[PDB]
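Sequences listed follow chains A and B, in order.
Everything in the first sequence is counted per my numbering, starting at 1 for the first residue and increasing by one.
Everything in the second sequence is counted per my numbering, starting at 1001 for the first residue and increasing by one.
For each residue, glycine too, the CB sits at the ideal point set by N, CA and C.
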Amino acid sequence: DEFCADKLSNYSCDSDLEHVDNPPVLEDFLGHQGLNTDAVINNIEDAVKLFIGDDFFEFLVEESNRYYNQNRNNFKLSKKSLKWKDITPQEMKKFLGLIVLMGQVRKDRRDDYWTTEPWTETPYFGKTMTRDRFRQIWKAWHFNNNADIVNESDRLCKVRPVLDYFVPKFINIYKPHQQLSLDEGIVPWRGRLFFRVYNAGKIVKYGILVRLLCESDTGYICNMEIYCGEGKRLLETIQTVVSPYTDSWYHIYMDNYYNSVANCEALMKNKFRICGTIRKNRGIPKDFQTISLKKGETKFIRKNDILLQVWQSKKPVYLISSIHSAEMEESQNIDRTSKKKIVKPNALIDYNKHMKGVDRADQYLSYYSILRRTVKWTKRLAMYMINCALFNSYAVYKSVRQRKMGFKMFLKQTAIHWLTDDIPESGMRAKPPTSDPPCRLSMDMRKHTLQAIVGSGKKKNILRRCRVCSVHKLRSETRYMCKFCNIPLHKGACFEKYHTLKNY
Amino acid sequence: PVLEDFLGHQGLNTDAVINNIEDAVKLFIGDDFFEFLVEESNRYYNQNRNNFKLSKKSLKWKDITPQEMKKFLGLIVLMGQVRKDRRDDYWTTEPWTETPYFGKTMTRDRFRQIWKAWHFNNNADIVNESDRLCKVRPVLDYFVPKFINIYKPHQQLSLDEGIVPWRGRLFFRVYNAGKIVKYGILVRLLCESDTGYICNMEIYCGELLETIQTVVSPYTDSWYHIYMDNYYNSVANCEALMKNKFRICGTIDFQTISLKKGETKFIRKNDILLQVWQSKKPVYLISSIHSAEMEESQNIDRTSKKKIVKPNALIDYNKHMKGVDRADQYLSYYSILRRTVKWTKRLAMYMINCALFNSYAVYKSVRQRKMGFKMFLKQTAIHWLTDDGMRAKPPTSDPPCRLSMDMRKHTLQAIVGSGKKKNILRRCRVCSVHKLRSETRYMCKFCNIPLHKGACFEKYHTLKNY
DNA sequence: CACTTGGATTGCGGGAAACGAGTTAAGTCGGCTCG
DNA sequence: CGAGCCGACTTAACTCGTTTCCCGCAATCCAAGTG
Ligand SMILES: [Zn+2]
Ligand SMILES: [Zn+2]
Ligand SMILES: [Zn+2]
Ligand SMILES: [Zn+2]
């Protein structure tokens, strides 16, 4: 349904590609920054504006008009109208707002929202933009220069400038809690880029590698990086991720598959503490590689302040930590045969608590279901990024002013706001008839108002012949005259026609 | 070596005039179904008339008549075309997510009063509830016999369980590790392997060969081939099933412990092949439908060779076992869904979807045209909502489009009354926000808001606050 | 023994849609006038 | 030498009371995701 011009969008891709004890750390520093914001919010609209706003729209509008012109030759297929260069920021808000709004009423195709079919009608869309205008903008929705990069068949730089817009805001609006975590999220949308072979764990993901750093209690996104490289940059996994957060003693909980003991020193150099799983083909002392435990038994070894522990489950469970002592404690778990509960290393219990109630932004991706089937690669990625920005706006809103809402309502209200244009810009002849004024076709409801006619004779409730009716040689009287220009007019259509039409 | 060919018949067993949607559906669902639902719904409500605390301003109860029940289902089915997340938000008056059609079909409270009464059994009259399913029993009874006598399946059949998801109080909470639903009602059913047509049913209910033989019962004495998964067959079952003239193929003599990769050995006894192949695990194959052979086939998956050599039995097994999912996978997520507390409603809804599915399969058998199930369902809802003096809604919030200054769109039209008189006035929206009752018969044609001439109309479009 | 959330499920009530009784505001048309 | 103002007559917008339901919130109790 769409065409590509640069041989990168939707190219070079295919289908179907889917020392025998352990002290706790005592040198636990809390010398960090406040868990707060750098901005003023009174309501939902103010919160949204910190991440998404008019400058976002200017960017989208400028690029959209440029793209269409460059490729205008295959629009020969035609359109009802061609003001395609005339997209302005106010139209683009409507374009985006309608897409977000669609998640509240979910239909199967984009083309079924703009319908006239009375059975499943949703009239608001029809009253906001026309069907063809939306499609024309859709084809023209584009995110980049399209003529600056000629040196390589990159297929990344195409969405790069969108990400560049949002990243500094995730960093400068809000700062996170002592505990952070890493993951790899993303939408199940049939994208076209496959690097599955380099994963270090996963959430169903499309297109490119995506790295998230999130606050452990709230789900706020602290950083994001995409397509870090094809496995070449996934080791030293967090070095490009937590860079702006160094020296803050954040504790990082992770489950990446490429951690190591050696890696832990790097984290200490940058003042981070970690907890996560460890692979066996790693710098694990050999004497701990050949062990046997009874179910529920643990073994602990340490070197320096790094604890390597094994708890025995169906699988031995390995955990590496630079935070906890090797102590056992009752967990909340109950065995099917025992109400006495199961005792586990405190580190494991703590680890699991901080890996949940996180990455809430990804949890809501199912909302934008319309973006799955027939979408160009770059549109899907840009939408992920917009959703992330809305999520962060919500989290801040809620954290600054405690109220109960939910992300779902935050989004509905935001869409209504964007879609609303609430910004304002004496003789025998009782009266000599006149010619039609030059202001006749000035379209303004603030000026062409209706008032009753007041006479000069004994009877003030005077009626006069309508000018429009005079044109057709009809005699019909009215009590009303246009106030702007003194022409007697009937109420209803004659007043509308006189001020609206070139003739009458 | 199957030497008896096939003694069945295929396709419609009835005079189904398949030239439209309506005549495909009525075979399974129709007016007598609704007569059943109405009779029980009116008895249920009145028999339990006390303890309702009906409020003062709601509508008074009126008994349910057949059209309302047809509307009732039609609206529920449409909710699958347009999805909203709360049952009562379909009646919202907010202009941006409005779906006005529902509002014009029946009111919110009427829908809630019918919903409550959508009952399936006269438990008040018959109290001999020894049967945990006695409350859905007549629903199950209504639909299954039709599946059997409308259409006959071709030679290859398969057996599996249907799924009705449910985390609340139920007959059982047993989960079979080889099944796809963690919890809910499991249904035992046969279907035709190519179309998914559902042929016969039983409900996992109450608490091997006794049920295998029972479900297949209407299909004995004709040489049907039945394909089975890990938990339905046995060697002994095969022997028994042969006595009723049908053949079995499926999965489930220690020598098989010996190992070989690539081509492997079989044990063959008494015309039953008991071959064991090896993949990640020993692959057991039992068959009374073909001779032993091993040959290549084109895999869907990428493989080391263009084609991979496998026991012929696996080649056929993995082509016929699709019938089970196409038979109802749609029905697990399309409408007639709830998070209700009545298990009876969830189960009854599953049964309704089976009937709609079978209607679709029949339709396609006759016509060469290809359309999905989804369109069959949408059109059905349209038909049921078609008719084989409602009050105007009050305003609740002022539309976001009122400030758009286009004098071609905003115009005064006279109100047209839905009641006895066409002329009827309404409260002026510009005056009632100051609690001044005053009445008018002119309205903005684009916005649907009542206004007075001039002084009110101008303010409503021009002023941010009025 | 859950954690968390929000959709069913339960009602209560501010307000106005509808109909008819009973007084007002704007229209039809004439036959005389000033352009 | 062209088309209207005062007056006497008809319809069409407005109060007011009164019954009857509209959907919008607001309060409890579990069923979905996965310790
Ligand atoms: Zn004017
Ligand atoms: Zn006129
Ligand atoms: Zn209007
Ligand atoms: Zn008014």
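Can you have a look at B/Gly-1323 and say buried or exposed, based on whether 16 or more other CB atoms are within 10 angstroms of its CB? Under the 10 Å beta carbon count, B/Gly-1323 is surrounded by 16 or more other beta carbons and is classified as buried.
Check whether the Cβ of A/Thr-420 lies closer than 8 Å to any Cβ atom in chain B. yes
How long is the line joining the alpha carbons of B/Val-1216 and B/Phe-1033, rounded to whole angstroms? 27 Å
Status (buried if at least 16 other CB within 10 Å, exposed otherwise) for B/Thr-1440: buried
Measuring only between beta-carbons, confirm whether B/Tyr-1350 sits less than 8 Å from chain A. no
Hey, how far is the Cα of B/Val-1276 from the Cα of B/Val-1283? 5 Å
Give me the chain A residues within the contact set of B/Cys-1401, using Cβ-Cβ distance strictly less than 7 Å, ordered along the chain. For B/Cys-1401, the C-beta contacts it makes with chain A under 7 Å involve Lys-127, in order along the chain.
Which bits of chain A does B/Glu-1022 rub up against, with CB to CB less than 9 Å? Under the 9 Å cutoff, chain A gives no residues; its nearest Cβ is about 16 Å from B/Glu-1022.
Partners in chain A for B/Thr-1411, counting only beta-carbon separations shorter than 7 Å: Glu-496
In chain order, which beta strand (DSSP E) runs of at least 3 residues are fully inside the segment 1209-1271 of chain B? Correct list: 1225-1228, 1247-1250, 1266-1269.
Which residues, in chain order, does the segment 184-213 of chain A contribute to contact with chain B at a C-beta distance below 8 Å? none
Residues in the segment 341-373 of chain A having any Cβ partner in chain B nearer than 8 Å: none
Whose CA, out of A/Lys-344, A/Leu-489, A/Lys-483, lies closest to the CA of A/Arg-475? A/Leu-489
Is it buried or exposed for A/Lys-139, if we count other Cβ within 10 angstroms and need 16 for buried? buried
Thinking C-alpha only, which one of A/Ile-203, A/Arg-273, A/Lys-93 is nearest A/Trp-141? A/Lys-93
For A/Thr-478, name the three-state secondary structure that DSSP assigns. Reduced to three states, the DSSP call for A/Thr-478 is strand.
In chain order, each alpha helix (DSSP H) run of at least 4 residues that lies wholly inside the segment 1296-1359 of chain B: 1312-1320, 1323-1328
Looking at chain B, is there any beta carbon in it that lies within less than 8 Å of the beta carbon of A/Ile-416? yes
Residue closest to A/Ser-78, alpha-carbon to alpha-carbon, out of A/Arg-135, A/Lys-412, A/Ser-292: For the residues A/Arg-135, A/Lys-412, A/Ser-292, the minimum Cα distance to A/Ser-78 belongs to A/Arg-135.
Per-residue burial, B/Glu-1192 [other beta carbons within 10 Å of its own, 16 or more giving buried]: buried
When DSSP labels each residue in this structure, what does A/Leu-101 get in the three-state scheme? Here A/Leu-101 sits in helix by DSSP.
Establish whether the CB of B/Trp-1096 and some CB of chain A are separated by less than 8 Å. yes
For B/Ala-1414, the first and last residue of its enclosing beta strand (DSSP E): Here the beta strand (DSSP E) through B/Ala-1414 covers 1412-1414.
Put B/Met-1407 into one of helix, strand or coil per three-state DSSP. coil
Which word fits B/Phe-1143, buried or exposed, when buried means at least 16 other C-beta atoms lie within 10 angstroms of its C-beta? buried
Who does B/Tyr-1197 pair with in a DSSP beta bridge? BP columns for B/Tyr-1197 are empty, so no partner.
Which runs of the alpha helix (DSSP H) fall wholly inside the segment 144-176 of chain A and span at least 4 residues, in chain order? Correct list: 160-173.
DSSP three-state call for A/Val-61: helix, strand or coil? helix
Cβ of B/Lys-1445 less than 8 Å from any chain A Cβ? no
In whole angstroms, give me the CA-to-CA distance for A/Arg-211 and B/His-1320. 42 Å
Show which residues of chain B have a CB atom less than 7 Å away from the CB atom of A/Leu-101. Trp-1096
Helix, strand or coil at A/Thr-37 [DSSP, three-state]: strand
State yes or no: is the C-beta of A/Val-396 nearer than 7 Å to some heavy atom of ligand 4? no
Kindly examine ligand 2 and report whether one of its heavy atoms sits closer than 7 Å to the Cβ of A/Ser-81. No, the Cβ of A/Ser-81 stays beyond 7 Å of every heavy atom of ligand 2.
From A/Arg-373 to A/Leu-381, what distance separates their C-alpha atoms? 14 Å
Whole angstroms is fine: what's the gap from residue 1479 of chain B's alpha carbon to B/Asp-1089's? It is not possible to answer for residue 1479 of chain B, since the shown part of chain B is limited to 1001 through 1466.
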